[PDB]
Amino acid sequence: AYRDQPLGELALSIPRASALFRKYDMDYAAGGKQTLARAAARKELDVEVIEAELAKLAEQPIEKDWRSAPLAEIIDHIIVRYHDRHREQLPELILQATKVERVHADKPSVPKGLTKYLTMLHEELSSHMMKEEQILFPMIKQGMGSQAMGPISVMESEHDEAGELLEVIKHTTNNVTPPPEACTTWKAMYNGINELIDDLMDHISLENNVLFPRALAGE
Ligand SMILES: [Cl-]
Ligand SMILES: [O]
Ligand SMILES: [Zn+2]
Ligand SMILES: [Zn+2]
């Protein structure tokens, strides 16, 4: 009964479901409590077809399941797999976008504003991740997860803001689709943007859907 399940649980229980939800622009990361039914209905999508596709993915080799993993292990995974990679990814994308916007300034397809939006994302995500690393993650490791309502509500609000920047980035780049006349830098940059989006949604999903609720529950 997949349509009646929350998007968060689906993304965390079925491998490559994340990419499927990315394809349909369903926010399993910050909107992970919403049922598939409501998500699909809002987008005028055929939920039976989506239920079928999830079933196909569900037959595949059962991946690493973070839902019951120890919180300290989730934390260490986040820091290394996501926070450190974002800190490397964003500066590079910023350089590339600066070049693309300059070199192709005359083209109507140029993603005007992209450098600015990536710069904002980098600045905001950097300060956010530092707060997590300095206070929230240590407090959870030190058994104070049940006391983290304050920081968690702020971090979740900031996750929603990161989502809004991702939407603006997607809009500016025609849903990260390079035009016919794009060359190697522009195409490679769009591949990097898709990778950043994929990673950031999975990162936010792991925080919002696993780490934060389990921490508050005293696990
Ligand atoms: Cl190019
Ligand atoms: O984060
Ligand atoms: Zn984080
Ligand atoms: Zn976060």
# chains A, B, ... in the order shown; residues from 1 in each chain; ligands from 1
>>> select_by_dssp(residues="segment 22-57 of chain A", states="alpha helix (DSSP H)", output="PyMOL selection string")
chain A and resi 22-23+36-42+47-57
>>> write_last_selection(atoms="N, CA, C and O atoms", output="PDB file, in the first residue's frame")
ATOM      1  N   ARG A  22      13.068  12.206  -7.145  1.00  0.00           N
ATOM      2  CA  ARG A  22      13.755  13.334  -7.823  1.00  0.00           C
ATOM      3  C   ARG A  22      13.173  13.556  -9.205  1.00  0.00           C
ATOM      4  O   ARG A  22      12.990  14.704  -9.622  1.00  0.00           O
ATOM      5  N   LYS A  23      12.919  12.462  -9.923  1.00  0.00           N
ATOM      6  CA  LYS A  23      12.384  12.512 -11.291  1.00  0.00           C
ATOM      7  C   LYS A  23      11.019  13.173 -11.329  1.00  0.00           C
ATOM      8  O   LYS A  23      10.763  13.982 -12.207  1.00  0.00           O
ATOM      9  N   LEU A  36       2.719   9.452  -0.372  1.00  0.00           N
ATOM     10  CA  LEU A  36       2.826   9.362  -1.830  1.00  0.00           C
ATOM     11  C   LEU A  36       1.528   9.782  -2.558  1.00  0.00           C
ATOM     12  O   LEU A  36       1.583  10.561  -3.518  1.00  0.00           O
ATOM     13  N   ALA A  37       0.375   9.299  -2.067  1.00  0.00           N
ATOM     14  CA  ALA A  37      -0.951   9.668  -2.614  1.00  0.00           C
ATOM     15  C   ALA A  37      -1.135  11.168  -2.750  1.00  0.00           C
ATOM     16  O   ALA A  37      -1.448  11.664  -3.844  1.00  0.00           O
ATOM     17  N   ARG A  38      -0.918  11.909  -1.664  1.00  0.00           N
ATOM     18  CA  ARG A  38      -1.089  13.368  -1.736  1.00  0.00           C
ATOM     19  C   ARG A  38      -0.066  14.028  -2.664  1.00  0.00           C
ATOM     20  O   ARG A  38      -0.385  15.033  -3.330  1.00  0.00           O
ATOM     21  N   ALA A  39       1.170  13.500  -2.673  1.00  0.00           N
ATOM     22  CA  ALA A  39       2.261  14.068  -3.491  1.00  0.00           C
ATOM     23  C   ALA A  39       1.892  13.903  -4.960  1.00  0.00           C
ATOM     24  O   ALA A  39       1.938  14.867  -5.732  1.00  0.00           O
ATOM     25  N   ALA A  40       1.520  12.685  -5.319  1.00  0.00           N
ATOM     26  CA  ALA A  40       1.136  12.350  -6.687  1.00  0.00           C
ATOM     27  C   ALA A  40      -0.079  13.175  -7.145  1.00  0.00           C
ATOM     28  O   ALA A  40      -0.030  13.809  -8.205  1.00  0.00           O
ATOM     29  N   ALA A  41      -1.132  13.205  -6.317  1.00  0.00           N
ATOM     30  CA  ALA A  41      -2.336  13.957  -6.632  1.00  0.00           C
ATOM     31  C   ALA A  41      -2.060  15.443  -6.841  1.00  0.00           C
ATOM     32  O   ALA A  41      -2.585  16.033  -7.781  1.00  0.00           O
ATOM     33  N   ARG A  42      -1.189  16.041  -6.027  1.00  0.00           N
ATOM     34  CA  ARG A  42      -0.805  17.441  -6.224  1.00  0.00           C
ATOM     35  C   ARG A  42      -0.128  17.707  -7.578  1.00  0.00           C
ATOM     36  O   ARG A  42      -0.158  18.840  -8.056  1.00  0.00           O
ATOM     37  N   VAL A  47      -0.690   7.509  -9.633  1.00  0.00           N
ATOM     38  CA  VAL A  47      -0.049   6.868  -8.476  1.00  0.00           C
ATOM     39  C   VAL A  47       0.135   5.345  -8.648  1.00  0.00           C
ATOM     40  O   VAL A  47       1.054   4.774  -8.067  1.00  0.00           O
ATOM     41  N   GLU A  48      -0.721   4.699  -9.450  1.00  0.00           N
ATOM     42  CA  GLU A  48      -0.590   3.250  -9.755  1.00  0.00           C
ATOM     43  C   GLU A  48       0.694   2.940 -10.541  1.00  0.00           C
ATOM     44  O   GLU A  48       1.367   1.956 -10.264  1.00  0.00           O
ATOM     45  N   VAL A  49       1.037   3.798 -11.491  1.00  0.00           N
ATOM     46  CA  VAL A  49       2.280   3.660 -12.237  1.00  0.00           C
ATOM     47  C   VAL A  49       3.502   3.819 -11.316  1.00  0.00           C
ATOM     48  O   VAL A  49       4.493   3.084 -11.454  1.00  0.00           O
ATOM     49  N   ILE A  50       3.427   4.784 -10.382  1.00  0.00           N
ATOM     50  CA  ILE A  50       4.517   5.027  -9.432  1.00  0.00           C
ATOM     51  C   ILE A  50       4.611   3.844  -8.463  1.00  0.00           C
ATOM     52  O   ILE A  50       5.718   3.378  -8.182  1.00  0.00           O
ATOM     53  N   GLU A  51       3.469   3.347  -7.981  1.00  0.00           N
ATOM     54  CA  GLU A  51       3.453   2.158  -7.107  1.00  0.00           C
ATOM     55  C   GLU A  51       4.091   0.947  -7.771  1.00  0.00           C
ATOM     56  O   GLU A  51       4.759   0.157  -7.106  1.00  0.00           O
ATOM     57  N   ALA A  52       3.873   0.810  -9.080  1.00  0.00           N
ATOM     58  CA  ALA A  52       4.490  -0.254  -9.862  1.00  0.00           C
ATOM     59  C   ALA A  52       6.009  -0.102  -9.881  1.00  0.00           C
ATOM     60  O   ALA A  52       6.725  -1.061  -9.580  1.00  0.00           O
ATOM     61  N   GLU A  53       6.483   1.093 -10.233  1.00  0.00           N
ATOM     62  CA  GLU A  53       7.933   1.370 -10.322  1.00  0.00           C
ATOM     63  C   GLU A  53       8.685   1.155  -9.004  1.00  0.00           C
ATOM     64  O   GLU A  53       9.816   0.657  -9.006  1.00  0.00           O
ATOM     65  N   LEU A  54       8.079   1.575  -7.894  1.00  0.00           N
ATOM     66  CA  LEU A  54       8.644   1.314  -6.571  1.00  0.00           C
ATOM     67  C   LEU A  54       8.765  -0.203  -6.330  1.00  0.00           C
ATOM     68  O   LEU A  54       9.793  -0.668  -5.835  1.00  0.00           O
ATOM     69  N   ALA A  55       7.733  -0.966  -6.702  1.00  0.00           N
ATOM     70  CA  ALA A  55       7.789  -2.447  -6.626  1.00  0.00           C
ATOM     71  C   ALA A  55       8.983  -3.050  -7.399  1.00  0.00           C
ATOM     72  O   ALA A  55       9.731  -3.862  -6.851  1.00  0.00           O
ATOM     73  N   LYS A  56       9.182  -2.624  -8.645  1.00  0.00           N
ATOM     74  CA  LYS A  56      10.352  -3.030  -9.428  1.00  0.00           C
ATOM     75  C   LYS A  56      11.670  -2.739  -8.699  1.00  0.00           C
ATOM     76  O   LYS A  56      12.531  -3.618  -8.590  1.00  0.00           O
ATOM     77  N   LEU A  57      11.816  -1.515  -8.179  1.00  0.00           N
ATOM     78  CA  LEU A  57      13.028  -1.139  -7.425  1.00  0.00           C
ATOM     79  C   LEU A  57      13.132  -1.974  -6.139  1.00  0.00           C
ATOM     80  O   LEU A  57      14.223  -2.402  -5.771  1.00  0.00           O
TER      81      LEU A  57
END
>>> residues_around(residues="residue 116 of chain A", least_positions_apart="2", cutoff="10 Å", atoms="only C-alpha atoms", output="PyMOL selection string")
chain A and resi 94+97-98+112-114+118-122+169
>>> closest_residue(among="A:171, A:67, A:141, A:159", to="ligand 3", atoms="only C-alpha atoms and all ligand atoms")
A:159
>>> residues_near_ligand(ligand="ligand 2", cutoff="8 Å", atoms="only C-alpha atoms and all ligand atoms", output="PyMOL selection string")
chain A and resi 83+125+128-129+132+155+159+200+203-204+207
>>> closest_atom_pairs(of="chain A", to="ligand 1", cutoff="12 Å", atoms="only C-alpha atoms and all ligand atoms", output="tab-separated table")
residue	atom	partner	partner_atom_place_in_ligand_line	distance
A:96	CA	ligand 1	1 (Cl)	9.0
A:97	CA	ligand 1	1 (Cl)	9.7
A:98	CA	ligand 1	1 (Cl)	11.2
A:99	CA	ligand 1	1 (Cl)	8.3
A:100	CA	ligand 1	1 (Cl)	6.1
A:101	CA	ligand 1	1 (Cl)	9.5
A:102	CA	ligand 1	1 (Cl)	10.4
A:103	CA	ligand 1	1 (Cl)	7.8
A:104	CA	ligand 1	1 (Cl)	7.8
A:105	CA	ligand 1	1 (Cl)	11.4
A:107	CA	ligand 1	1 (Cl)	11.5
A:109	CA	ligand 1	1 (Cl)	11.8
A:110	CA	ligand 1	1 (Cl)	10.1
A:111	CA	ligand 1	1 (Cl)	11.7
A:178	CA	ligand 1	1 (Cl)	9.6
A:179	CA	ligand 1	1 (Cl)	10.3
A:180	CA	ligand 1	1 (Cl)	10.8
A:181	CA	ligand 1	1 (Cl)	8.2
A:182	CA	ligand 1	1 (Cl)	5.2
A:183	CA	ligand 1	1 (Cl)	3.6
A:184	CA	ligand 1	1 (Cl)	4.9
A:185	CA	ligand 1	1 (Cl)	4.2
A:186	CA	ligand 1	1 (Cl)	4.0
A:187	CA	ligand 1	1 (Cl)	6.7
A:188	CA	ligand 1	1 (Cl)	8.4
A:189	CA	ligand 1	1 (Cl)	8.8
A:190	CA	ligand 1	1 (Cl)	10.3
>>> residues_around(residues="residue 15 of chain A", least_positions_apart="4", cutoff="12 Å", atoms="only C-alpha atoms", output="PDB file with N, CA, C and O atoms, in the first residue's frame")
ATOM      1  N   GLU A   9       9.790   7.419   4.424  1.00  0.00           N
ATOM      2  CA  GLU A   9       9.923   5.986   4.669  1.00  0.00           C
ATOM      3  C   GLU A   9      10.196   5.202   3.374  1.00  0.00           C
ATOM      4  O   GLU A   9      11.065   4.327   3.354  1.00  0.00           O
ATOM      5  N   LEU A  10       9.516   5.581   2.298  1.00  0.00           N
ATOM      6  CA  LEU A  10       9.734   4.975   0.987  1.00  0.00           C
ATOM      7  C   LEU A  10      11.160   5.172   0.499  1.00  0.00           C
ATOM      8  O   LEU A  10      11.787   4.209   0.051  1.00  0.00           O
ATOM      9  N   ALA A  11      11.690   6.399   0.606  1.00  0.00           N
ATOM     10  CA  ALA A  11      13.042   6.690   0.129  1.00  0.00           C
ATOM     11  C   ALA A  11      14.125   5.919   0.909  1.00  0.00           C
ATOM     12  O   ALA A  11      15.160   5.567   0.357  1.00  0.00           O
ATOM     13  N   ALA A  19      15.947   8.640  -6.391  1.00  0.00           N
ATOM     14  CA  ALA A  19      16.069   9.133  -7.774  1.00  0.00           C
ATOM     15  C   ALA A  19      14.723   9.190  -8.494  1.00  0.00           C
ATOM     16  O   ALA A  19      14.468  10.099  -9.320  1.00  0.00           O
ATOM     17  N   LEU A  20      13.861   8.224  -8.181  1.00  0.00           N
ATOM     18  CA  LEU A  20      12.509   8.234  -8.710  1.00  0.00           C
ATOM     19  C   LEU A  20      11.727   9.464  -8.219  1.00  0.00           C
ATOM     20  O   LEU A  20      11.084  10.173  -9.003  1.00  0.00           O
ATOM     21  N   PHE A  21      11.792   9.714  -6.923  1.00  0.00           N
ATOM     22  CA  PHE A  21      11.141  10.892  -6.371  1.00  0.00           C
ATOM     23  C   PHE A  21      11.736  12.177  -6.927  1.00  0.00           C
ATOM     24  O   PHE A  21      10.982  13.118  -7.183  1.00  0.00           O
ATOM     25  N   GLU A  53       6.483   1.093 -10.233  1.00  0.00           N
ATOM     26  CA  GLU A  53       7.933   1.370 -10.322  1.00  0.00           C
ATOM     27  C   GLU A  53       8.685   1.155  -9.004  1.00  0.00           C
ATOM     28  O   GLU A  53       9.816   0.657  -9.006  1.00  0.00           O
ATOM     29  N   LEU A  54       8.079   1.575  -7.894  1.00  0.00           N
ATOM     30  CA  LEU A  54       8.644   1.314  -6.571  1.00  0.00           C
ATOM     31  C   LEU A  54       8.765  -0.203  -6.330  1.00  0.00           C
ATOM     32  O   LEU A  54       9.793  -0.668  -5.835  1.00  0.00           O
ATOM     33  N   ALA A  55       7.733  -0.966  -6.702  1.00  0.00           N
ATOM     34  CA  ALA A  55       7.789  -2.447  -6.626  1.00  0.00           C
ATOM     35  C   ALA A  55       8.983  -3.050  -7.399  1.00  0.00           C
ATOM     36  O   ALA A  55       9.731  -3.862  -6.851  1.00  0.00           O
ATOM     37  N   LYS A  56       9.182  -2.624  -8.645  1.00  0.00           N
ATOM     38  CA  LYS A  56      10.352  -3.030  -9.428  1.00  0.00           C
ATOM     39  C   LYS A  56      11.670  -2.739  -8.699  1.00  0.00           C
ATOM     40  O   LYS A  56      12.531  -3.618  -8.590  1.00  0.00           O
ATOM     41  N   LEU A  57      11.816  -1.515  -8.179  1.00  0.00           N
ATOM     42  CA  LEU A  57      13.028  -1.139  -7.425  1.00  0.00           C
ATOM     43  C   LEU A  57      13.132  -1.974  -6.139  1.00  0.00           C
ATOM     44  O   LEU A  57      14.223  -2.402  -5.771  1.00  0.00           O
ATOM     45  N   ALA A  58      11.997  -2.228  -5.489  1.00  0.00           N
ATOM     46  CA  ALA A  58      11.945  -3.007  -4.249  1.00  0.00           C
ATOM     47  C   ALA A  58      12.424  -4.479  -4.368  1.00  0.00           C
ATOM     48  O   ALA A  58      12.814  -5.088  -3.361  1.00  0.00           O
ATOM     49  N   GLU A  59      12.374  -5.048  -5.572  1.00  0.00           N
ATOM     50  CA  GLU A  59      12.912  -6.400  -5.809  1.00  0.00           C
ATOM     51  C   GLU A  59      14.449  -6.409  -5.793  1.00  0.00           C
ATOM     52  O   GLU A  59      15.052  -7.435  -5.461  1.00  0.00           O
ATOM     53  N   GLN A  60      15.070  -5.272  -6.139  1.00  0.00           N
ATOM     54  CA  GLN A  60      16.534  -5.149  -6.201  1.00  0.00           C
ATOM     55  C   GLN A  60      17.209  -5.403  -4.849  1.00  0.00           C
ATOM     56  O   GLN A  60      16.553  -5.399  -3.807  1.00  0.00           O
ATOM     57  N   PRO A  61      18.532  -5.637  -4.874  1.00  0.00           N
ATOM     58  CA  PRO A  61      19.394  -5.911  -3.719  1.00  0.00           C
ATOM     59  C   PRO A  61      19.218  -4.901  -2.555  1.00  0.00           C
ATOM     60  O   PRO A  61      19.572  -3.721  -2.702  1.00  0.00           O
ATOM     61  N   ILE A  62      18.670  -5.389  -1.431  1.00  0.00           N
ATOM     62  CA  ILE A  62      18.335  -4.577  -0.240  1.00  0.00           C
ATOM     63  C   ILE A  62      19.550  -3.845   0.354  1.00  0.00           C
ATOM     64  O   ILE A  62      20.419  -4.473   0.971  1.00  0.00           O
ATOM     65  N   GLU A  63      19.581  -2.519   0.174  1.00  0.00           N
ATOM     66  CA  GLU A  63      20.749  -1.673   0.515  1.00  0.00           C
ATOM     67  C   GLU A  63      20.980  -1.502   2.029  1.00  0.00           C
ATOM     68  O   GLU A  63      20.284  -2.099   2.876  1.00  0.00           O
ATOM     69  N   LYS A  64      21.985  -0.690   2.346  1.00  0.00           N
ATOM     70  CA  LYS A  64      22.246  -0.203   3.711  1.00  0.00           C
ATOM     71  C   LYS A  64      21.026   0.550   4.284  1.00  0.00           C
ATOM     72  O   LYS A  64      20.593   1.533   3.693  1.00  0.00           O
ATOM     73  N   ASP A  65      20.483   0.073   5.413  1.00  0.00           N
ATOM     74  CA  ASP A  65      19.285   0.655   6.039  1.00  0.00           C
ATOM     75  C   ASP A  65      19.662   1.529   7.248  1.00  0.00           C
ATOM     76  O   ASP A  65      19.962   1.023   8.334  1.00  0.00           O
ATOM     77  N   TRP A  66      19.617   2.848   7.051  1.00  0.00           N
ATOM     78  CA  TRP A  66      19.974   3.796   8.107  1.00  0.00           C
ATOM     79  C   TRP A  66      18.945   3.959   9.206  1.00  0.00           C
ATOM     80  O   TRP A  66      19.270   4.525  10.249  1.00  0.00           O
ATOM     81  N   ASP A 202      19.392  13.645  -0.149  1.00  0.00           N
ATOM     82  CA  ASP A 202      19.656  12.463   0.678  1.00  0.00           C
ATOM     83  C   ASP A 202      20.189  12.800   2.079  1.00  0.00           C
ATOM     84  O   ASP A 202      19.803  12.186   3.066  1.00  0.00           O
TER      85      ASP A 202
END
>>> residues_near_ligand(ligand="ligand 4", cutoff="12 Å", atoms="only C-alpha atoms and all ligand atoms", output="JSON, numbers by chain")
{"A": [29, 30, 75, 78, 79, 82, 83, 86, 124, 125, 126, 127, 128, 129, 130, 131, 132, 133, 135, 136, 137, 151, 152, 153, 154, 155, 156, 157, 158, 159, 160, 161, 162, 163, 200, 201, 202, 203, 204, 205, 206, 207, 208, 209, 211, 212]}
>>> atom_distance(atom1="atom CA of residue 117 of chain A", atom2="atom CA of residue 165 of chain A")
6.7 Å
>>> closest_residue(among="A:123, A:76, A:198, A:164", to="ligand 3", atoms="only C-alpha atoms and all ligand atoms")
A:76
>>> closest_residue(among="A:147, A:68, A:173, A:134", to="residue 108 of chain A", atoms="only C-alpha atoms")
A:173
>>> atom_distance(atom1="atom CA of residue 193 of chain A", atom2="atom CA of residue 33 of chain A")
25.7 Å
